[PDB]
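See structure below.
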Amino acid sequence: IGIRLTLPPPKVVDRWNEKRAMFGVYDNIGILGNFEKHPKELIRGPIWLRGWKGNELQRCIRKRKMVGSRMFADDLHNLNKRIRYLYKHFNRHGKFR
Amino acid sequence: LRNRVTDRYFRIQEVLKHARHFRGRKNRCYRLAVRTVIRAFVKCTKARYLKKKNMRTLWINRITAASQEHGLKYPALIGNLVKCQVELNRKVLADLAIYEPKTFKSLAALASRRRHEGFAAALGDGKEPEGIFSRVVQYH
Amino acid sequence: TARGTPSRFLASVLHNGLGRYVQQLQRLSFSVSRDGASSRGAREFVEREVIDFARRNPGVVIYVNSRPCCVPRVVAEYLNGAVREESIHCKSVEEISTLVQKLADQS
Amino acid sequence: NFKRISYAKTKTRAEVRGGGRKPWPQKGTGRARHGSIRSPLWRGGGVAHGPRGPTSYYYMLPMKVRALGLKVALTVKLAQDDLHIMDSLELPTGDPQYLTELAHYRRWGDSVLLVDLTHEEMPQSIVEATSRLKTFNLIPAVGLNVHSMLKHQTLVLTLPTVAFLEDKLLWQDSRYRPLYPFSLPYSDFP
Amino acid sequence: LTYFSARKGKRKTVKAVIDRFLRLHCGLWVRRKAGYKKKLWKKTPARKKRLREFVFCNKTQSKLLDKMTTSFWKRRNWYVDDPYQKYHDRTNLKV
Amino acid sequence: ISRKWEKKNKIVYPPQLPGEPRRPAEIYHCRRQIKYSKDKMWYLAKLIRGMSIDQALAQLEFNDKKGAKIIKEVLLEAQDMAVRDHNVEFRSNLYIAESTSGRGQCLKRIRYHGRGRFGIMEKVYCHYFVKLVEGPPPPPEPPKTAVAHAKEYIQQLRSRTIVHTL
Amino acid sequence: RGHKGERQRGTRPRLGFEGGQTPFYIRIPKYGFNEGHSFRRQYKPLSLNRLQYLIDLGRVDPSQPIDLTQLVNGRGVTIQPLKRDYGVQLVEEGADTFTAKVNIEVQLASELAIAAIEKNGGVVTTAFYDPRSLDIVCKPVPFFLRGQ
Amino acid sequence: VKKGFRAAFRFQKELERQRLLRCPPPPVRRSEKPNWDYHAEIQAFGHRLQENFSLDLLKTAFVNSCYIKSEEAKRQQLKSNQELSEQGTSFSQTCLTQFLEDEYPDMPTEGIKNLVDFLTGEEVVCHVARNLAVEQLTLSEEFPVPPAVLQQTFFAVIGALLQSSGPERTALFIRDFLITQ
RNA sequence: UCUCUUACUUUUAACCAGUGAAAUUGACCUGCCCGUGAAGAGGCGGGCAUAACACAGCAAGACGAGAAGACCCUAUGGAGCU
RNA sequence: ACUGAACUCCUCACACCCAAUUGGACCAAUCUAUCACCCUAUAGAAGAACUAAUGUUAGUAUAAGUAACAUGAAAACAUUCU
RNA sequence: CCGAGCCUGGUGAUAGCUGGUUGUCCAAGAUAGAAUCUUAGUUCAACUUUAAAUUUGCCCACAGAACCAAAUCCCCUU
RNA sequence: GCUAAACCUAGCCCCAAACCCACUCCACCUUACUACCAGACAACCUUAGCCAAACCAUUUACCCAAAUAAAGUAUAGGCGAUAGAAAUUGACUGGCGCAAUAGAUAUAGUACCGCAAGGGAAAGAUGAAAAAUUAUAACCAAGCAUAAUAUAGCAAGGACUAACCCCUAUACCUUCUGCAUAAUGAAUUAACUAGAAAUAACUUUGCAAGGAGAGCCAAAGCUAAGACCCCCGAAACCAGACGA
Ligand SMILES: C[NH+](C)c1cc(NC(=O)CNC(C)(C)C)c(O)c2c1C[C@H]1C[C@H]3[C@H]([NH+](C)C)C(O)=C(C(N)=O)C(=O)[C@@]3(O)C(O)=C1C2=O
Ligand SMILES: [Mg+2]
Ligand SMILES: [Mg+2]
Ligand SMILES: [Mg+2]
Ligand SMILES: [Mg+2]
Ligand SMILES: [Mg+2]
Ligand SMILES: [Mg+2]
Ligand SMILES: [Mg+2]
Ligand SMILES: [Mg+2]
Ligand SMILES: [Mg+2]
Ligand SMILES: [Mg+2]
Ligand SMILES: [Mg+2]
Ligand SMILES: [Mg+2]
Ligand SMILES: [Mg+2]
Ligand SMILES: [Mg+2]
Ligand SMILES: [Mg+2]
Ligand SMILES: [Mg+2]
Ligand SMILES: [Mg+2]
Ligand SMILES: [Mg+2]
Ligand SMILES: [Mg+2]
Ligand SMILES: [Mg+2]
Ligand SMILES: [Mg+2]
Ligand SMILES: [Mg+2]
Ligand SMILES: [Mg+2]
Ligand SMILES: [Mg+2]
Ligand SMILES: [Mg+2]
Ligand SMILES: [Mg+2]
Ligand SMILES: [Mg+2]
Ligand SMILES: [Mg+2]
Ligand SMILES: [Mg+2]
Ligand SMILES: [Mg+2]
Ligand SMILES: [Mg+2]
Ligand SMILES: [Mg+2]
Ligand SMILES: [Mg+2]
Ligand SMILES: [Mg+2]
Ligand SMILES: [Mg+2]
Ligand SMILES: [Mg+2]
Ligand SMILES: [Mg+2]
Ligand SMILES: [Mg+2]
Ligand SMILES: [Mg+2]
Ligand SMILES: [Mg+2]
Ligand SMILES: [Mg+2]
Ligand SMILES: [Mg+2]
Ligand SMILES: [Mg+2]
Ligand SMILES: [Mg+2]
Ligand SMILES: [Mg+2]
Ligand SMILES: [Mg+2]
Ligand SMILES: [Mg+2]
């Protein structure tokens, strides 16, 4: 049997947090601030994913270039094997040629 | 393990409630129940046609029994009632055979008379009068 | 399926229509929410159709209870002791009209 | 969605530990053929199509569209009586209960987005009220955005803000094609 | 072909297609006839002229070459004295 | 696990009005984790089903099974708590209403087969459950008489309706 | 996906492979259509219709010498020195309705484009712009931000 | 543990349903059941029977001696149905005796007495009363309403309709509800 | 050894008591004859047969279990040898 | 003459019977945004749905209480005997 | 389990070959051929599907299609 | 009513930030974990192959010193598959992550297996108090028990007063010209377990001879979005260790 026998603990949400209450602020900083910043400079994340999308193969190629030097060994190897697998999949396999 | 199915119980019971009168492990084990519940629902869908056919066959059998109790045959009764312009169907003819036997004897007599008038007309072959119950009310 | 469900014969409640027709619907209970998007057609039914329905069926008592609810519903109770609970969750006012009239016509 | 970085990552079969050897001979045993115990079919195996790495959801709407959305949101606030132009945002006390009673008397929403012109020159009174109020949020004009105006039932703008917004949102309509980014000088652009 | 390269994650051109065919900007592909510089002593002059013509390609072959080249080869090119400048556009073409 | 049989001997009933039948006594007893098979306990418990307490104790005293000895110990304990804690007057006025056996928590142990093969053995454990009710053992259901078979047949020849008509 | 084979298995051969027949893009013979394409010079056409339209809408000042900078600032031509653009060529289109005196500097000019500027009473001259210098004249502000 | 709330909520409503069909709750009067308004119920009773009852006379056709005495005991910690009940019962006997003896003129008197005593009997009168919302409006001490109390209440509404509408309209009701039986 | 097999003992066996596996298993309320049919039927057609249920024995069938045929063919699959 | 279909009529209603493939209309749960507050709404997302891989792990069956396993005898439990 | 040990790694080797491929409902829908170390596959054609644009499409009549049978092609009416 | 079933927390994942870890005593390169004796030896060599080229034999991307752009351009190449620049340009403390078959293999590199190199697990759940063990917790998988069975047949369906009897009905999936097939797979339950993206096209917004927040396209285009490309399985090949 795979169903809870009791109700789960209640999930109370503050829709008026500082984070929720100030989501989206300064997202028009360029068009409302004489184009001195960009919302892509407002993005906070990994250094290889600030203002760039990519698919998985493009993301793996991009991370190995910006930070493959300062990268742990096992995780670098795994990235090299991942790029090799994704090259073979995206260039040779599929239904549409 | 993000996004797992949490209502599979209710899906299994939606199938299983239609199997609880089955015999064996197919009344409780989903992998066998589904196979038998689809078949119970297909059989139900086709049994509508079979119900109509078997009910007509039953009416014809009962009408045959009652006509033979009056010495008449079923094709004779049916054909000569249509010739008498009586458009009672086989359901109500079996019903009259069961619940109104004097009415059914009157109908069997009417069909017998219509058959005798047909025989007289066939033997006469000329222009004798049509026959009292062989006249056809015309509609325009 | 028939072999898998209950059955009964054609019947009426108390020889209905022999001397007089009596409407078998007794009560219609309507739970509606004031702020719920599920209860929009139910709010519109209580604002425009329930009063004329009441006037057309004087033998039916219609209770309307506006309370916080996720699934608005209609509980139809009948002279023979029967209760029929139907959700009117996310239905338009025309569909609620059709459902309520169908409960008014059923025994 | 444009600033989203999803951080969910699973391991593929290649990245789960072990699993190099073939578990049991291809032929001879009455069992199913397997090449690795970290195959996606196996308990503790890799994930076939799972989330991969940190993943960016970054894209850019055209800036004319983004400015148009700003204009539309201002227009719908005016059209639905959720816009209040003010001379300045100075309050006589600096008290949250004063601000809430004021909004309740003036029949504003349960949430007010109060917008001044410049973060540096913001009246201390409002910066004291809008530091304990959670539903009453003060933002500089440079921070105006459609998401904030749709979360807040009411929008209190000032007159300097109104002029600022009108200038910045009509330059977009009477503007050329860029020829290089507008951070670089041009003849008539600040 | 290569749909995503390994150094730049991009689509690659088939340089065989580039070294054999010419794309007009209207979307037509131009080729030479096969065997135009081969065994001419056995070919008659009508056949030789037929082989010396510059001929167009199919819809199927055009879509195939457009897939085997990247978008750099489909841009408009304002060369100085291009002999195909006339043919880079269509005139009076209905449907 | 589940241990609901031992909470049944703790139902307090409301006090009885002076014009109602006396309400026989019910005593629930059971032994858990018996080193025996439930499929052999079944035959022992189906044999003592519906018997008097003394007749059951006789049959168990002369039966040859380990389970018969265990069920005798459980029945004697149940009789003792019947007239010690549930206010049964006579210790012979009891009968076995319910007598069943359930699976216990078992253990798995390897059984070395030949070649290189193994079998997993089960160290089987069982439960034995007994409900005693105050009173004489109820009269057994008598066999059907020819008169009862005929009356049933004629009821059915008289229950026949004309099918698929008005 | 289909039933079996390379289709359902996702292993069908590459684009241009025709099952083993010598493929079309291989059996056509090589001919130098695009031999030195990357070194061929390119000149964006500016018509006299376009120049007159720009002047009439006031995007190019006729009272000052018009050069490539004034034609990229008034946004009448877009020049890409990386796509081997070498400037603007003045072409004869709209020479019959050209009515404007101008001092225009281009990189290439037709006899009928020159003639029209000179019947209205203006001067046309053709100058050469090195690719780097062409970058400098078309976008003068990023060069001044390089500060060499 | 799986994430979510909706399946757990559905499972709890399923558990509550089975607990009810396992330890069923005691039968309770509709008056205690929540959605209930007595004056509206009385008016709807009259309107669905299509008769112009007088509301005070109807309300007294549902007030039994047992409610009076039990509510007096609850007061320790007005008019019954008796007069109306005896009028209704007597008119029921006379009207059905006349109906049956003009329809079936060759029946002996013993046969018409026994027919009148089946249509004015506990089983028929209780069936008709229960299926016409008389139990739901009967003010008494015990629930379910004892069959004698139900019979008294039913013939008291015939007494009320007699007093409110007349011996022809009441006679049409008797026809439509006791002859149909 | 056989014509041509018999007798006895021990093991096994069967019954009682204790302990307690394995392959196998779509679901089965799991019959015979002729015919049919993916060409050899418990399950389809026509006939016949038929209260229910253990224990022992047998090996004609369930194209019985086991082992993704060792033979033959194929694969722009391998490998050893010359 | 009659019987004889899902054919045709009749009462009412109609999008409601092909493989591969292709087009469309909906949609369970979950998370997020804003709602909603006995379990929902509008959208945004995604490890988003299993009667079948001699699938993987765990539980319990069938075979089956079957195959198979074990302790020389008496006695005072000192001993003695085979 | 030595026609070439075992373990780890490259390795998620490769498999035109078998097996598998998960909610509901409606709809359109059955294959002339050519190449190919190819015939257990693919590519092009044909057939099929969707979306657009336009004008004819099927059935067909006289007349008509070679010298050394049934029929077809063509084809206005309809 | 047994077996059971439920459960939120250990912890973990991706990032950000930030330069990480070694002398209680004693012992430890000999047969390590050994107080204490005549020696000395000593490090540096291009990976290869699977695979792709539908065989294969030259060839077949593997961070190498912040983004972008030039550009998949010049070039290279059985000129095939594919490979591919530069000048120049200008560049902290979170979670639309997992929650015990998941997330680390991890409760642990432990138990256990292997001579060795090496391989490698499983699992836990009261309460405020257990210096309250209390009976009100029960309800839910398969398997059983309560409670064996009754002519006849894919086990149902139409029915029926009536469980059966009567009539009708050749399991499913895959595979195939065609399967009730005596062709494949499956005892059953619970969980886990399989469609990833380009070139274009189409749809819907924006702006429009121009569009785009440098680079690029443009003889109505350009910008943005939406929407399409699976899982398991060999026998092998090569590199480095470990084994007589
Ligand atoms: C049964 N015998 C007569 C046999 C027959 C064949 N086939 C034929 O001769 C041809 N028969 C046909 C034509 C197919 C009907 C056979 O082909 C074989 C064998 C024997 C096996 C023995 C195998 C065995 N293993 C599998 C248990 C084994 O121990 C060895 C070994 N050397 O250790 C083997 O040799 C063995 O693997 C093997 O090779 C056999 C056969 O090939
Ligand atoms: Mg690995
Ligand atoms: Mg097996
Ligand atoms: Mg493998
Ligand atoms: Mg895992
Ligand atoms: Mg051994
Ligand atoms: Mg398949
Ligand atoms: Mg195929
Ligand atoms: Mg035994
Ligand atoms: Mg099998
Ligand atoms: Mg067949
Ligand atoms: Mg046969
Ligand atoms: Mg069979
Ligand atoms: Mg036997
Ligand atoms: Mg076999
Ligand atoms: Mg095989
Ligand atoms: Mg083989
Ligand atoms: Mg081949
Ligand atoms: Mg080969
Ligand atoms: Mg090879
Ligand atoms: Mg018919
Ligand atoms: Mg999935
Ligand atoms: Mg399975
Ligand atoms: Mg056996
Ligand atoms: Mg034995
Ligand atoms: Mg070895
Ligand atoms: Mg593979
Ligand atoms: Mg169709
Ligand atoms: Mg060849
Ligand atoms: Mg070939
Ligand atoms: Mg092939
Ligand atoms: Mg190859
Ligand atoms: Mg291949
Ligand atoms: Mg560079
Ligand atoms: Mg784990
Ligand atoms: Mg683990
Ligand atoms: Mg169960
Ligand atoms: Mg039958
Ligand atoms: Mg399937
Ligand atoms: Mg075949
Ligand atoms: Mg067969
Ligand atoms: Mg089969
Ligand atoms: Mg077969
Ligand atoms: Mg086989
Ligand atoms: Mg096969
Ligand atoms: Mg499952
Ligand atoms: Mg090789
Ligand atoms: Mg030795």
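Convention: chains lettered A, B, ... in structure tokens order; per-chain residue numbering from 1; ligands numbered from 1 as shown.
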
(request) Enumerate as a PyMOL selection string the residues within 12 Å of ligand 30, counting only C-alpha atoms (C1' of nucleotides) and all ligand atoms. (result) (chain G and resi 18-22) or (chain I and resi 76) or (chain K and resi 16+35-39+41-43) or (chain L and resi 54)

(message) With only C-alpha atoms (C1' of nucleotides) considered, list every residue of chain J at most 12 Å from chain G, as number ranges by chain.
(response) J: 19-22

Can you list, as a PDB file with N, CA and C atoms (P, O5', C5', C4', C3', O3' and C1' of nucleotides), in the first residue's frame, every protein, DNA or RNA residue that comes within 8 Å of segment 27-33 of chain J when you count only C-alpha atoms (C1' of nucleotides), leaving out same-chain residues fewer than 4 positions away?
```pdb
ATOM      1  N   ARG B   2      11.719  13.412  -8.023  1.00  0.00           N
ATOM      2  CA  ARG B   2      10.688  14.437  -8.131  1.00  0.00           C
ATOM      3  C   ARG B   2       9.586  13.980  -9.081  1.00  0.00           C
ATOM      4  N   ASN B   3       8.345  14.352  -8.756  1.00  0.00           N
ATOM      5  CA  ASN B   3       7.135  13.953  -9.483  1.00  0.00           C
ATOM      6  C   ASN B   3       6.882  12.448  -9.539  1.00  0.00           C
ATOM      7  N   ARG B   4       6.324  11.946  -8.444  1.00  0.00           N
ATOM      8  CA  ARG B   4       5.913  10.547  -8.405  1.00  0.00           C
ATOM      9  C   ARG B   4       4.397  10.522  -8.377  1.00  0.00           C
ATOM     10  N   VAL B   5       3.803   9.400  -8.753  1.00  0.00           N
ATOM     11  CA  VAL B   5       2.348   9.245  -8.740  1.00  0.00           C
ATOM     12  C   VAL B   5       1.887   8.925  -7.327  1.00  0.00           C
ATOM     13  N   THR B   6       0.926   9.693  -6.847  1.00  0.00           N
ATOM     14  CA  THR B   6       0.480   9.597  -5.446  1.00  0.00           C
ATOM     15  C   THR B   6      -0.954   9.099  -5.342  1.00  0.00           C
ATOM     16  N   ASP B   7      -1.653   8.904  -6.457  1.00  0.00           N
ATOM     17  CA  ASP B   7      -3.089   8.532  -6.434  1.00  0.00           C
ATOM     18  C   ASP B   7      -3.310   7.177  -7.091  1.00  0.00           C
TER      19      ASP B   7
ATOM     20  N   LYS H   3       5.519  13.324  -1.910  1.00  0.00           N
ATOM     21  CA  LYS H   3       5.051  14.689  -1.716  1.00  0.00           C
ATOM     22  C   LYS H   3       3.576  14.811  -2.082  1.00  0.00           C
ATOM     23  N   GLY H   4       2.899  15.753  -1.445  1.00  0.00           N
ATOM     24  CA  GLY H   4       1.574  16.143  -1.873  1.00  0.00           C
ATOM     25  C   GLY H   4       0.574  16.111  -0.737  1.00  0.00           C
TER      26      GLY H   4
ATOM     27  P     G J  44       1.365  29.197 -19.730  1.00  0.00           P
ATOM     28  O5'   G J  44       2.578  29.189 -18.706  1.00  0.00           O
ATOM     29  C5'   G J  44       3.498  30.266 -18.651  1.00  0.00           C
ATOM     30  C4'   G J  44       4.490  30.073 -17.534  1.00  0.00           C
ATOM     31  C3'   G J  44       5.375  28.844 -17.643  1.00  0.00           C
ATOM     32  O3'   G J  44       6.492  29.038 -18.484  1.00  0.00           O
ATOM     33  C1'   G J  44       4.474  28.967 -15.474  1.00  0.00           C
ATOM     34  P     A J  45       7.148  27.834 -19.280  1.00  0.00           P
ATOM     35  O5'   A J  45       7.472  26.773 -18.142  1.00  0.00           O
ATOM     36  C5'   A J  45       8.707  26.057 -18.063  1.00  0.00           C
ATOM     37  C4'   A J  45       8.851  25.463 -16.686  1.00  0.00           C
ATOM     38  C3'   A J  45       9.162  23.975 -16.634  1.00  0.00           C
ATOM     39  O3'   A J  45      10.553  23.729 -16.737  1.00  0.00           O
ATOM     40  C1'   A J  45       7.479  24.526 -15.051  1.00  0.00           C
ATOM     41  P     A J  48       9.673  12.370 -15.817  1.00  0.00           P
ATOM     42  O5'   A J  48       8.495  13.224 -15.176  1.00  0.00           O
ATOM     43  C5'   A J  48       7.830  12.803 -13.981  1.00  0.00           C
ATOM     44  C4'   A J  48       6.340  12.924 -14.143  1.00  0.00           C
ATOM     45  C3'   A J  48       5.779  12.341 -15.430  1.00  0.00           C
ATOM     46  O3'   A J  48       5.523  10.956 -15.269  1.00  0.00           O
ATOM     47  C1'   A J  48       4.897  14.500 -15.103  1.00  0.00           C
ATOM     48  P     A J  49       5.554   9.945 -16.525  1.00  0.00           P
ATOM     49  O5'   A J  49       4.752   8.684 -15.987  1.00  0.00           O
ATOM     50  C5'   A J  49       4.649   8.381 -14.585  1.00  0.00           C
ATOM     51  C4'   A J  49       3.238   7.972 -14.222  1.00  0.00           C
ATOM     52  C3'   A J  49       2.661   6.757 -14.944  1.00  0.00           C
ATOM     53  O3'   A J  49       1.826   6.070 -14.011  1.00  0.00           O
ATOM     54  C1'   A J  49       1.311   8.636 -15.381  1.00  0.00           C
TER      55        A J  49
ATOM     56  P     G K  23      -0.606   4.048 -19.225  1.00  0.00           P
ATOM     57  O5'   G K  23      -0.579   5.640 -19.182  1.00  0.00           O
ATOM     58  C5'   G K  23      -1.376   6.364 -20.122  1.00  0.00           C
ATOM     59  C4'   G K  23      -2.565   6.900 -19.377  1.00  0.00           C
ATOM     60  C3'   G K  23      -3.785   7.230 -20.232  1.00  0.00           C
ATOM     61  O3'   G K  23      -4.541   6.039 -20.401  1.00  0.00           O
ATOM     62  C1'   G K  23      -3.232   9.091 -18.930  1.00  0.00           C
ATOM     63  P     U K  24      -5.152   5.630 -21.824  1.00  0.00           P
ATOM     64  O5'   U K  24      -6.446   6.539 -21.952  1.00  0.00           O
ATOM     65  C5'   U K  24      -7.384   6.614 -20.893  1.00  0.00           C
ATOM     66  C4'   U K  24      -8.397   7.692 -21.152  1.00  0.00           C
ATOM     67  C3'   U K  24      -8.920   7.769 -22.572  1.00  0.00           C
ATOM     68  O3'   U K  24      -9.914   6.806 -22.857  1.00  0.00           O
ATOM     69  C1'   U K  24      -8.344   9.928 -21.843  1.00  0.00           C
TER      70        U K  24
ATOM     71  P     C L  96      13.764  27.476  -7.037  1.00  0.00           P
ATOM     72  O5'   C L  96      13.155  26.171  -7.713  1.00  0.00           O
ATOM     73  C5'   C L  96      12.130  25.412  -7.092  1.00  0.00           C
ATOM     74  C4'   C L  96      11.085  24.989  -8.096  1.00  0.00           C
ATOM     75  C3'   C L  96      11.585  24.595  -9.482  1.00  0.00           C
ATOM     76  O3'   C L  96      12.015  23.248  -9.579  1.00  0.00           O
ATOM     77  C1'   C L  96       9.736  26.068  -9.680  1.00  0.00           C
TER      78        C L  96
END
```

(message) Just want the 12 Å neighbourhood of residue 79 of chain B, counted on only C-alpha atoms (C1' of nucleotides), with same-chain residues fewer than 6 positions away dropped. Output as a list in words.
(response) residues 72, 73, 85, 86, 87, 88, 89, 108, 110, 111, 112, 114, 115 and 118 of chain B; 1 and 2 of chain J

(message) Using only C-alpha atoms (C1' of nucleotides) for the distances, tell me which of L:225, L:191, L:63, L:179 is nearest to residue 8 of chain B.
(response) L:191

(request) For chain A, work out the contacting residues on chain L at 6 Å, counting only C-alpha atoms (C1' of nucleotides), and write them as a PyMOL selection string. (result) chain L and resi 6+63+141+229

Please check which protein, DNA or RNA residues sit within 8 Å of ligand 2, counting only C-alpha atoms (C1' of nucleotides) and all ligand atoms, and write them as a PDB file with C-alpha atoms (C1' of nucleotides), in the first residue's frame.
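Contents of selection23.pdb, freshly written:
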```
ATOM      1  CA  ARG D  13      24.574   5.502 -15.252  1.00  0.00           C
ATOM      2  CA  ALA D  14      28.112   6.657 -16.080  1.00  0.00           C
ATOM      3  CA  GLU D  15      28.433   8.717 -12.886  1.00  0.00           C
ATOM      4  CA  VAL D  16      27.105   6.306 -10.234  1.00  0.00           C
ATOM      5  CA  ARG D  17      29.904   4.397  -8.488  1.00  0.00           C
ATOM      6  CA  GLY D  18      30.839   0.880  -9.497  1.00  0.00           C
ATOM      7  CA  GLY D  19      28.981  -0.816 -12.287  1.00  0.00           C
ATOM      8  CA  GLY D  20      31.965  -1.508 -14.520  1.00  0.00           C
TER       9      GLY D  20
ATOM     10  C1'   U K  11      32.873   2.470 -21.621  1.00  0.00           C
TER      11        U K  11
END
```

(request) Using only C-alpha atoms (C1' of nucleotides), find the residues of chain C whose closest atom to chain J is at most 7 Å away, then write them as an MDAnalysis selection string. (result) chainID C and resid 36:38 70:71

(message) Please identify the helix (DSSP H, G or I) residues within chain A (assignment by DSSP from backbone atoms) and present them as a ChimeraX atom specification.
(response) /A:18-21,39-42,56-67,73-92

(message) With only C-alpha atoms (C1' of nucleotides) as the counted atoms, please give the residues lying no more than 8 Å from segment 46-51 of chain E, apart from itself and same-chain residues fewer than 4 positions off, as a count of residues only.
(response) 6
